[PDB]
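Trainee: Everything in the sequence shown is counted per mature numbering (1 follows the signal peptide of the UniProt record, and there is no 0), starting at 6 for the first residue and increasing by one.
Idealized CB from N, CA, C, for every residue including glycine.
The structure is given below, and queries will be raised subsequently.
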Amino acid sequence: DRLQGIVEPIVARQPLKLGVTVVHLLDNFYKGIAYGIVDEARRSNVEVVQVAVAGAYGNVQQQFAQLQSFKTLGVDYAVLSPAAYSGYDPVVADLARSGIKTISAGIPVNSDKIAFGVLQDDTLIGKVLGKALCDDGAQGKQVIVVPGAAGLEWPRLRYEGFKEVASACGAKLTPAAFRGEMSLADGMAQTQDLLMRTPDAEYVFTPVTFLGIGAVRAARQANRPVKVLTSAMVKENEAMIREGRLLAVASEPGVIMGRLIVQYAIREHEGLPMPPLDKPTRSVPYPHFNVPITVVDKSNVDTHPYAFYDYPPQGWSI
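In structure tokens form, the structure reads like this:
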């Protein structure tokens with residue numbers, strides 16, 4: 006079941022147009038969300054008018070302009086993965102005054118005028134990686150923390166959940182410097198620097214795919230047998246898990262999040278009973294569905310369904 010039993014698929018009877026803007030399409034996460042939206046829409050009589058990208062974290066003005074252009078295109082919903090946590094409330098409010106509701110996709114945005122969201126619990130992503138660390142025997146051992154960028158909220162939430170669980174089992178974490186844009190190059194440079202500064206570290210924590218890849222490149226160059234924790238699968242991670250270089254990778258099922266956005270939007274649009282929504286939280290100030298979290302490791306890399314729920318099809322682009 007492509008919707009994992011969360012909701013039954015239905016089909017729009019009223020015309021329903023979506024405009025989508027996400028940060029970037031360079032990994033499987035936002036590209037998965039975009040694929041899930043597009044593929045579910047063609048199953049469901051929903052029109053995706055445009056998929057746009059900010060281009061980079063911090064490209065907030067680019068996204069404001071994209072959301073404004075959705076107004077002229079007559080979309081019914083804007084779907085937003087923001088390039089920064091803060092600053093979108095005015096544009097969300099402006100779209101809403103025009104009858105256009107905004108759906109949060111994949112990551113939190115700092116606006117209580119969002120209609121609803123479909124994402125995951127970023128603190129719990131950090132907690133489940135913390136458990137993977139603790140279960141590997143990290144008590145007493147040093148962990149390099151490469152926490153991601155500042156100003157995005159969710160990297161901090163992942164760090165907080167990881168630190169809570171890792172500290173509780175006696176792991177010794179480095180402090181966390183929030184900087185960069187979470188690129189491959191950032192992961193390499195930051196991990197190379199922290200491996201030199203933390204000669205006794207046996208683990209590296211990262212919150213996202215490219216920082217994990219960069220950390221592995223740094224560990225390979227330094228001949229350091231550190232084990233890396235990260236999030237959001239790509240195909241190449243599978244061999245790295247089997248070879249022991251990645252201890253655990255949190256699954257981020259972008260594809261199912263995209264499908265759910267379509268199924269939730271049809272119901273909202275036609276006044277039908279909504280599928281499950283959690284109450285607003287401090288970081289996620291709107292009703293939202295959190296897809297349950299699974300971790301990929303040696304025990305399930307050969308059976309976990311991440312390839313169905315987390316990978317867009319090979320060769321898909323929009």
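Is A253 helix, strand or coil by DSSP?
Mentor: For the purposes of this step, residue 253 is taken as the residue at position 248 of the sequence shown. Shown here, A253 sits in a strand according to DSSP, grouped into three states.
Trainee: I need the boundaries of the beta strand (DSSP E) containing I266, first residue and last residue.
Mentor: The residue you call residue 266 lines up with position 261 of the sequence shown. Per DSSP, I266 belongs to no beta strand (DSSP E); it is in the alpha helix (DSSP H), 259 to 275.
Trainee: Could you tell me which whole beta strand (DSSP E) segments of length 3 or greater appear in the stretch 138 to 225?
Mentor: 147 to 150, 206 to 210, all fully within the stretch 138 to 225.
Trainee: Measure the C-alpha to C-alpha separation of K146 and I42 and round it to an integer number of angstroms.
Mentor: Sequence index remark: in the sequence shown, residue 146 carries index 141 (1-based). Sequence index remark: in the sequence shown, residue 42 carries index 37 (1-based). Rounded to whole angstroms, the separation of the alpha carbons of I42 and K146 is 42 Å.
Trainee: Within the chosen definition, does the stretch 207 to 226 reach the stretch 282 to 292 through at least 3 CB pairs nearer than 8 Å?
Mentor: no
Trainee: Taking the CB atoms as reference points, tell me whether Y82 and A270 lie closer together than 8 Å.
Mentor: As a working mapping, residue 82 is identified with position 77 in the sequence shown. As a working mapping, residue 270 is identified with position 265 in the sequence shown. Yes.
Trainee: Can you tell me whether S236 is helix, strand or coil according to DSSP?
Mentor: Translated into the one-based positions of the sequence shown, residue 236 becomes position 231. Correct three-state label for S236: strand.
Trainee: To the nearest angstrom, how far is it from the Cα of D307 to the Cα of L138?
Mentor: Against the sequence shown, residue 307 aligns to sequence position 302. Against the sequence shown, residue 138 aligns to sequence position 133. If you draw a straight line from the Cα of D307 to the Cα of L138, it comes to about 20 Å.
Trainee: Mark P113 as exposed unless 16 or more other C-beta atoms lie within 10 angstroms of its C-beta, in which case mark it buried.
Mentor: Position 108 of the sequence shown, counting from 1, holds the residue named residue 113. By the 10 Å Cβ count, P113 comes out buried.
Trainee: With a CB to CB cut of under 7 Å and the five nearest residues on each side skipped, what residues in its chain are close to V239?
Mentor: In the sequence shown, the residue the question calls residue 239 occupies position 234. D32, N33, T214, listed in sequence order.
Trainee: How far does the alpha helix (DSSP H) with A89 in it extend, from its first residue to its last?
Mentor: Looking up residue 89 in the sequence shown gives position 84. Per DSSP, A89 belongs to no alpha helix (DSSP H) and is neither H nor E.
Trainee: CA-CA distance, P14 and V148?
Mentor: In the sequence shown, residue 14 corresponds to position 9, counting from 1. In the sequence shown, residue 148 corresponds to position 143, counting from 1. Going from the Cα of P14 to the Cα of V148 covers about 44 Å.
Trainee: Kindly list the residues whose CB is nearer than 6 Å to the CB of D191, restricted to its own chain and excluding five residues on each side of it in sequence; keep chain order.
Mentor: Here residue 191 corresponds to residue number 186 of the sequence shown, with the count starting at 1. Excluding residues within five positions, the ones whose Cβ falls inside 6 Å are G185.
Trainee: Quick check: the stretch 167 to 176 against the stretch 129 to 136, are at least 3 beta-carbon pairs closer than 8 Å?
Mentor: yes
Trainee: Using DSSP's beta-bridge definition, name the partner residues of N295.
Mentor: Residue numbering aside, residue 295 sits at position 290 when the sequence shown is read from its first letter. Paired residues: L124.
Trainee: In the DSSP output, what is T26 paired with across the bridge?
Mentor: Residue numbering aside, residue 26 sits at position 21 when the sequence shown is read from its first letter. For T26, which the question treats as bridged, DSSP gives the partners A57, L85.
Trainee: How about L129 and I298: do their beta carbons lie closer than 8 Å?
Mentor: Here residue 129 refers to the residue found at position 124 of the sequence shown. Here residue 298 refers to the residue found at position 293 of the sequence shown. Against a cut-off of 8 Å, the Cβ pair of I298 and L129 comes out as a contact.
Trainee: Indicate whether the contact test is met: 3 or more Cβ pairs, each with one atom in the stretch 226 to 234 and one in the stretch 175 to 183, closer than 8 Å.
Mentor: no
Trainee: Alpha carbon to alpha carbon, how far is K303 from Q55? Give it in angstroms, no decimals.
Mentor: Within the sequence shown, numbered from 1, the residue matching residue 55 stands at position 50. Within the sequence shown, numbered from 1, the residue matching residue 303 stands at position 298. About 39 Å.
Trainee: Can you list, in chain order, the residues of its chain whose CB lies under 6 Å from that of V16, leaving out five sequence neighbours each side?
Mentor: In the sequence shown, the residue the question calls residue 16 occupies position 11. The residues are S49, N50.
Trainee: Which of the three DSSP states is assigned to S74 in this structure?
Mentor: Here residue 74 is taken as the residue at index 69 of the sequence shown, counted from 1. Residue state, collapsed to three classes: helix.
Trainee: If you follow the beta strand (DSSP E) that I108 is part of, which residue opens it and which one closes it?
Mentor: Translated into the one-based positions of the sequence shown, residue 108 becomes position 103. Taken as a continuous stretch (DSSP letters only), the beta strand (DSSP E) holding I108 covers 106 to 111.
Trainee: Hey, out of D141, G219, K76, whose CA is closest to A194's CA?
Mentor: Reading the sequence shown from its first residue, position 189 is the one you call residue 194. Nearest C-alpha to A194: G219.
Trainee: State the start and end residues of the unbroken alpha helix (DSSP H) segment that holds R47.
Mentor: Against the sequence shown, residue 47 aligns to sequence position 42. Start and end: 33 to 49.
Trainee: Have a look at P212, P204, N64, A173 and flag the residue whose alpha-carbon is nearest the alpha-carbon of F183.
Mentor: Reading the sequence shown from its first residue, position 178 is the one you call residue 183. Checked all of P212, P204, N64, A173; the closest Cα to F183 is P212.
Trainee: Looking only at C-alpha atoms, which of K118, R102, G111, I11 sits nearest to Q125?
Mentor: Within the sequence shown, the letter at position 120 stands for residue 125. The shortest Cα separation from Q125 among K118, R102, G111, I11 belongs to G111.
Trainee: From what residue to what residue does the alpha helix (DSSP H) around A312 run?
Mentor: For the purposes of this step, residue 312 is taken as residue 307 along the sequence shown, with counting starting at 1. 311 to 314 is the extent of the alpha helix (DSSP H) around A312.
Trainee: Does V16 come out as helix, strand or coil in the three-state DSSP assignment?
Mentor: Taking the first residue of the sequence shown as position 1, residue 16 is located at position 11. For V16, the secondary structure class from DSSP, reduced to helix, strand or coil, is coil.
Trainee: Leaving out five residues before and five after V80 in sequence, what residues of the same chain have Cβ atoms less than 7 Å from its Cβ?
Mentor: Your numbering for residue 80 matches position 75 in the sequence shown. Correct list, in chain order: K22, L23, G24, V54, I105.
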